[PDB]
RNA sequence: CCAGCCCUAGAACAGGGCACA
Ligand SMILES: [Mg+2]
Ligand SMILES: [Mg+2]
Ligand SMILES: [Mg+2]
Ligand SMILES: [Mg+2]
Ligand SMILES: [Zn+2]
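Residue numbers (the deposited numbering), protein chains in the order written: chain Bc, 30 to 324; chain Bg, 2 to 149; chain BW, 45 to 210; chain Bi, 52 to 297; chain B5, 79 to 188; chain Bh, 31 to 319; chain BE, 42 to 87; chain BR, 9 to 161.
Spelled out as structure tokens, the structure:
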């Protein structure tokens, strides 16, 4: 359809806002939930929180600012949980940082956040006349030296590959995006509304369908920061500015029997685990390679 | 001391005097006493010269208030909203009339130092001096040591 | 003496009409008759001025001055008051707006020098006043940049007028 | 140089000056409630029927011999004492007390409520703005029981009257900064309590003053607070370990 | 030497408010991941060190109560054990301290 | 204990002054102030402008619908029957409409007979500026119309102030003659244009475009922008002079920081020269024909 | 954001510190070995 | 000028410094973990290392015997020194002591205090500052780099 | 980039080192 990219962004934001208002109006009253703190530092702590309003970020604010600074992920008694997602019922919370003994979940969440950021930068750094479709965020483990993102470009862009100047421009765009603090908001929607939210990316529609297939209730996790909306697995980091060092290593063009997809690879390190110059150079040189992991 | 006090430019309220003159004195309220020896001048003025002044100046509301007060005062409220308070304590009728005429002829502005004794809007008739208003032009606008 | 920084905590504001922005809560507190010195307490006050309560307590925990523990106790008591008495949730959502140190009533003693000479030794005492405002800490003022300097200089050049001309 | 400080604030009460008082402490009311009325847990459904509540209330008020003898003693101590004209006066006193607490009229509040009701209703509200109103009353106030405490060491009789009151009120408690804290001002929420008024019968004036406010144990919980509350963990010493309760 | 004139408050402030005399902010502050208190990055945690000091004081008090003499020092290795523990074969032949308190979490068996 | 009363009373006056400086009270109504007489104020307002109004017309113009509504609310809150006289206040809406219409028509005619080259949008912008909220409010506040306007909200917001001013204008129109009202308008509204510029109140967007349109209307081919003189090209504050030549004839010249701003200024000067609103124009004739 | 100070040993592990030391050491050795023959790669005109 | 010096001035002079270090070393040998001023502990570290080296030298060595007689004031420590600390330190070369700076003393002096401890003692372990786990982000990336380097050879 | 540990560098503040061992 004849729709400008800014018009698409506005429509997506408006539809997400309507769904958010519906989710908020689903509960007319403010119920009291009794949340325990099963953490290691302050045991026995009890919080009288609001249902579908209070957040683990508000719990950290109740505790102390050190928690708001350190704790990235939340474990609600059985599962990970982002900071900006409202609580549902009474439960117990345990905070999770980067330097913990088992930080695997937080590392994967940071990986997904960086992948979504790189995807947004790639989607919004290209020209209007060219068509660009994000496929998904390939879940690669932490051992892989970079986070990858799959992008299908126009048919006329299948000849050239981004040079060092283009990679540096992408890195500058990512740094400028990080400079302005953007909160990651997570919402639980249905495929029936996700299809009309996207309505343009056939790959995104197929991804939503295959993610809702394994979901008995057809529940899809949407993530949105600033003006960009994307679907991804697992929770995300609360703030964007947590990503201190960020680089776009290179891109790898993989060809299939259906179409060819650019696999953009990026490297990132937060402010809590920033490294030295030589260490960063070695890690970037390692990320320069090819990363292949789908199942 | 100019640096100690404030300063303002010579301005007129609502561009008075251009189209028609408007007496800037809106109201004049005397507060005096009937038995105090200090209010003798104010009493004699209210007896003698308030009617002639009221007839001469119709655009000013003149209020008179005899009340149990010790110091005779006069409050002039102008069109700009300014309130000027003066003391007529033990002053002869001539001095009272002089002060009344002064308050009538005043404009109500603040009595501070005036920087410029003149104020002309657009004084740039026939042109204003600029560093190029008296230098001749060369052929083609060439710089002194520029070759074409 | 004078006691107004404590009475400032008992004022009542009219109810906020529906539609007006939420006014942040303000809590005044003070510690009277501290054995510390006026200037030495003012140093810590200036150190913890404008910072968040969390970072202020973190700095006071490691500060080697004797007044560090004093100001830490004062801040803890002020936070407890803001939580219990005042309707201020999120006990870590406070920032120090003002933190000052003044003098109080001294004591005079005789300090001997020698050769029959003496001095009036002054036992010092200082009051410490603190104000906590609910909300995020205000950002630090950045140094003026070259672009702002150039704009202000162009403005000052343009605001000139021909003096003593008319 | 010999100069020291003064005005050291200390609070220490001693039995010798407490007993060496020239005049005994004159109390305008009793300490607390002697006989607490225990209501049945079926009132929540009985109030749904109009006559099936009035009949039971009248029967319970008539068959209790203690209430009957207390009413008879109040009558013989002071004439012009009627049970039928009491609920309206009690409702008016309650409404006036609420309006006085709204308007912050402490003298009138002292005249209305007693010395045991004033602090519990003024302490945590002296620094807050309240907007209370009266819209409707579902069930009329019903006098349940009447008790009397007669202290013979001084010959003082104090009569208390318990009245079940089912009211429809609107409460909006603001804070000292002006922001809303407790609830909305336009919600006419229903409440059901028991007001226990107290009056000294030996006193020649004898103004009916509210003394106690009884709530049933099966009453629904109050409305949730608009803010979030954090309960701190147990403050443990370094040489102490934590014990998780199960 | 004597001062010639009284220094004005402007110069007084310019002297005693210079950043050289202002207390600098220390940015090496961190939290102890064990107990949640505050500590520096190059200094042990105060709370944990106080716990260890209390436990060491108790252990030394008991091992000194075992030795009724001031100059009666153990000639062999020493081992501390808590309630619910028995000396193994590697712990036999050494001096033994017995504590009624249970073995804390930080104290390793080893 | 220093015996005396003069020092004590003077210090009480000082304390009152300090309290006034500390907590400034909101502005109170001049009518609510002690010394006030409404009929005397109306007569003084009529006599100070050298005009002959009608007392009933002024009392009709100085009332407001907001004041009527406030008085009706007070009546309903008090419980007194006031429908006999309060409903007969004759709100000044019609007088305000007549004043607005006549003032706009007279200002348009004045501008047309003064500057024949002013376009329709130009004269409309001039009339709207002279009848805008700021100018009318300033004139009324200097004429003390705010103090005599019976209305709630003593600040007297700009809409109410302008409505009351134009109601006074309509009352003058109905009492005295149209020529006298036109002279009143000329003396109390056009004086606000002394020293002001045309574009400061016109606020055009494309001066060069408007100029080439005016040249197309006046049968002129096209202006050429040429650099006449310049003072520094690589300095931090360049100064350029751009002139407009039509058929190799200079019509206007403008200085500027950059060449584009200088050409914009030259276009503005050319537009002012074509429309006749120049700093060397004839001063407005303030006389009695 | 009161960011703290960070050195190269704070976030590393016992198994990574020797690896990092070796990775920089052999890198410097290889660089000095590659720069050992300058006259054969591209010398300037003498 | 204080260039090329290894000993720091303590006490009332050289002999007073020697006596203070002797008392500190006696307390350390007796209690197996002590705490003192940071400079005193840093100075005592080397003397404790040398004392352990002398104790490991054997019982019949009269040089080490008289050295321990001079240093250990309480003579009930010399048999302990030769039959507990020296035998348990045989394979270890120089890793006998552990020094850690504790928070400043709560007294008004606010001195820089440290704690020294002989390894292998019968005391609760100090809260040693440990490295981060290998599951961290940077450590995992370095493990990946190491695996790539090993696969390249 | 400067937490901490050394210095033939230094009152404090500054400066040079902490990968080959
Ligand atoms: Mg002597
Ligand atoms: Mg002195
Ligand atoms: Mg002196
Ligand atoms: Mg250095
Ligand atoms: Zn700890």
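Where is the CB? At the ideal position from N, CA and C, for every residue including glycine.
Range of the contiguous beta strand (DSSP E) that encloses residue i
{"i": "residue 117 (chain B5)", "result": "116-118"}
{"i": "residue 39 (chain BW)", "result": "Here chain BW comprises residues numbered 45 to 210, so residue 39 (chain BW) is not present and cannot be evaluated."}
{"i": "residue 146 (chain BW)", "result": "138-147"}
{"i": "residue 245 (chain Bi)", "result": "240-251"}
{"i": "residue 261 (chain Bi)", "result": "260-265"}
{"i": "residue 99 (chain BW)", "result": "Not the beta strand (DSSP E): residue 99 (chain BW) falls in the alpha helix (DSSP H), residues 97-106."}
{"i": "residue 201 (chain Bi)", "result": "184-202"}
{"i": "residue 5 (chain BW)", "result": "Since the displayed chain BW opens at 45 and closes at 210, residue 5 (chain BW) lies outside it and no answer follows."}
{"i": "residue 294 (chain Bc)", "result": "289-299"}
Short Cβ contact (8 Å threshold) for residue i with residue j
{"i": "residue 179 (chain Bh)", "j": "residue 65 (chain Bh)", "result": "no"}
{"i": "residue 123 (chain Bg)", "j": "residue 309 (chain Bh)", "result": "yes"}
{"i": "residue 165 (chain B5)", "j": "residue 174 (chain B5)", "result": "yes"}
{"i": "residue 131 (chain BR)", "j": "residue 51 (chain BR)", "result": "no"}
{"i": "residue 89 (chain BW)", "j": "residue 144 (chain BW)", "result": "yes"}
{"i": "residue 49 (chain Bc)", "j": "residue 216 (chain Bc)", "result": "yes"}
{"i": "residue 137 (chain Bh)", "j": "residue 169 (chain Bh)", "result": "no"}
{"i": "residue 45 (chain BE)", "j": "residue 90 (chain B5)", "result": "no"}
{"i": "residue 24 (chain Bg)", "j": "residue 60 (chain Bg)", "result": "yes"}
{"i": "residue 301 (chain Bh)", "j": "residue 257 (chain Bh)", "result": "no"}
{"i": "residue 145 (chain BR)", "j": "residue 127 (chain Bc)", "result": "yes"}
{"i": "residue 261 (chain Bi)", "j": "residue 165 (chain Bi)", "result": "yes"}
{"i": "residue 125 (chain Bc)", "j": "residue 102 (chain Bc)", "result": "yes"}
Limits of the unbroken alpha helix (DSSP H) element including residue i
{"i": "residue 77 (chain Bg)", "result": "Unbroken run through residue 77 (chain Bg) is the beta strand (DSSP E), 74-79; no alpha helix (DSSP H)."}
{"i": "residue 305 (chain Bh)", "result": "289-305"}
{"i": "residue 110 (chain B5)", "result": "Counting along the chain, residue 110 (chain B5) falls outside any alpha helix (DSSP H), and DSSP gives it neither H nor E."}
{"i": "residue 205 (chain Bc)", "result": "193-208"}
{"i": "residue 157 (chain Bi)", "result": "157-163"}
Classification of residue i by the beta-carbon crowding that lies within 10 angstroms, buried from 16 upward
{"i": "residue 147 (chain BR)", "result": "buried"}
{"i": "residue 71 (chain Bg)", "result": "exposed"}
{"i": "residue 175 (chain BW)", "result": "buried"}
{"i": "residue 229 (chain Bc)", "result": "exposed"}
{"i": "residue 202 (chain BW)", "result": "exposed"}
{"i": "residue 186 (chain Bh)", "result": "buried"}
**OP:** Pair every Cβ in the stretch 22-34 of chain BR with every Cβ in the stretch 62-80 of chain BR, then say whether three or more of these pairs are closer than 8 Å.
**Re:** yes
Original post:
Between the stretch 73-83 of chain Bh and the stretch 192-211 of chain Bh, do at least 3 Cβ pairs fall closer than 8 Å?
Top reply: yes
**OP:** Kindly provide the chain-ordered list of residues whose Cβ lies closer than 7 Å to any non-hydrogen atom of ligand 5.
**Re:** 110 (chain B5), 112 (chain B5), 113 (chain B5), 115 (chain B5), 117 (chain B5), 123 (chain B5), 125 (chain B5), 126 (chain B5), 135 (chain BR)
Original post:
Would the stretch 142-152 of chain Bc and the stretch 255-266 of chain Bc be scored as touching if the rule is three or more Cβ pairs under 8 Å?
Top reply: yes
Original post:
Do the stretch 271-283 of chain Bc and the stretch 308-318 of chain Bc touch if we need at least three Cβ pairs shorter than 8 Å?
Top reply: yes
**OP:** Please determine if the stretch 263-270 of chain Bh and the stretch 285-304 of chain Bh are in contact, where contact requires at least 3 C-beta pairs separated by less than 8 Å.
**Re:** yes
Subject >> Three or more C-beta pairs below 8 Å linking the stretch 47-54 of chain BW and the stretch 201-220 of chain Bi >> reply: no
Subject >> Residues proximal to ligand 2 by C-beta, any heavy atom closer than 7 Å >> reply: 164 (chain BW), 166 (chain BW)
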